[PDB]
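Next comes just one chain, in structure tokens: the form deposited in one PDB entry.
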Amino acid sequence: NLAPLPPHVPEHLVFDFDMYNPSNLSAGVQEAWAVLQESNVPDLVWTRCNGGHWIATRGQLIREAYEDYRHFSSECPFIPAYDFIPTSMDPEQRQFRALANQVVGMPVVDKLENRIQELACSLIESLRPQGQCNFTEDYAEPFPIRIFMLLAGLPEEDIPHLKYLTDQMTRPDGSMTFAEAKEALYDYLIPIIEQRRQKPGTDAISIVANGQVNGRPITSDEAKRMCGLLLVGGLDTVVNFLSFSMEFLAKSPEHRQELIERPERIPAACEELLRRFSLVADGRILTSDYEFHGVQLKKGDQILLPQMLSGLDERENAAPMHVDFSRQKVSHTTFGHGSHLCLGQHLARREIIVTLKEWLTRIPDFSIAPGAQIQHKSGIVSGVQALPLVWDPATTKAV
């Protein structure tokens, strides 16, 4: 479905890329997006897919647009009932982020690290003697939701229902509309926020519920909308990213062996994997008519600014599809750039590093299940549909 081409858009800039179903997704999702960086493709193009929108294809422009919040607004960040905070905001933004940093900043992640390891260990040990798993379902999906319950001081018994609600927001089975799933999340959070307003702990919800905004107490509406984002922001991104990384390690024994031999390289490897298997593609909306790098943008045009593409740009990193854990400068915008830079980036890195450290020492040798062709999916958060892995349980190390 190709939306009618707006009069202000010149035909030479038209490239009908579909962010939800790119051509040759079969070759890998990053590769599918990287078509936008072929030499015949301009730095800024218009697609008639998905309502019609601009796409910045190079890291320079992606970074610039994210820095220029006055022209490129977050009021409409998705192509093509959402009310989470502080996503859709462009003074308030700063205070909400400051409050979120209080609950997921480095000192919190540092305190949580060993608990993250103990969770990783328990999951891996549960899988280890089987000699197979679907990594995405059996390790990746249960992990970040459990980390959120730790962060937010919520009981383990609440996981199935909360997981169901967040699953309906991104992959509905039809039982709930997005609005219904969101409201049920709020029905869950509201009593807890109220309770911890009056009797706080040191968990994330307690800290949020007692925050201040513009010199007055954070409202219940503001607090639930922040807690909601802290929950959903760290689920599909981590699930899918872990899956891309493990798929790669399964298919590249030489890279796997490098991390087995030199575990001290795992933090640097994490960063290089974040670049190579970057997965988010958000956008902005034009606040006014604006000429950007020789291209006339119109007030209200949407522009896709794919975080994924900056680090894949050969102008930012040489031989960008190659994975090299020793890169001296790993340039990427995997966690975003500018005023909405991911608040969960420190927690996410710790989850990744802990996962790789524990998997590589317990199950150092694993492969893709023979005959399986790994399928990717594309959209705002690109991903791995399933990741069937196999290993010999006699090569593994028991707890």
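Residue positions are given as counts along the sequence shown, with the first one as 1. The term rigid core refers to the most C-alpha atoms you can superpose between the two forms while keeping them within 1.5 Å.
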- How many residues sit between residue 90 and residue 91 in the deposited sequence but have no coordinates: none, 1 to 3, 4 to 9, or 10 or more? 1 to 3
- What number of deposited residues lacks coordinates in the span between residue 80 and residue 81: none, 1 to 3, 4 to 9, or 10 or more? 4 to 9
- Message: Mean Cα B factor from the PDB record: higher for 200-208, or higher for 324-332?
- Response: 200-208
- Task: Look over 99-107 and 274-282 in the entry and identify the one with the greater average Cα temperature factor.
- Result: 99-107
- Going by the entry, which of 134, 219, 317, 307 has the most elevated CA B factor? 219
- Task: Quick one: which of 238, 162, 192, 147 shows the highest Cα temperature factor in the PDB entry?
- Result: 192
- Task: Please place residue 42 in the lowest, middle or highest third of its chain by C-alpha B factor as given in the entry.
- Result: middle
- Record-listed C-alpha B factor of residue 158: chain third: middle
- Item | Third assignment of residue 365 from its chain's C-alpha B-factors | highest
- Note on the structure: Temperature factor at the Cα of residue 113, chain-ranked in thirds, falls in the middle
- Lowest, middle or highest third of the chain for the C-alpha temperature factor of residue 175? middle
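From this point on, the text means the form deposited in another entry, which you will not see here.
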- Message: If you fit the rigid core and then compare C-alpha positions between this form and the one not shown, only one of 287, 132, 122, 170 moves by 2 Å or more. Name it.
- Response: 170
- Message: I want to check residue 183: does it shift between this form and the one not shown by 2 Å or more at the Cα, with the core superposed?
- Response: yes
- Message: Once the core is aligned, does residue 194 move its Cα by at least 2 Å between this form and the one not shown?
- Response: yes
- Taking the rigid core as the frame, does residue 153 move its C-alpha by 2 Å or more between this form and the one not shown? yes
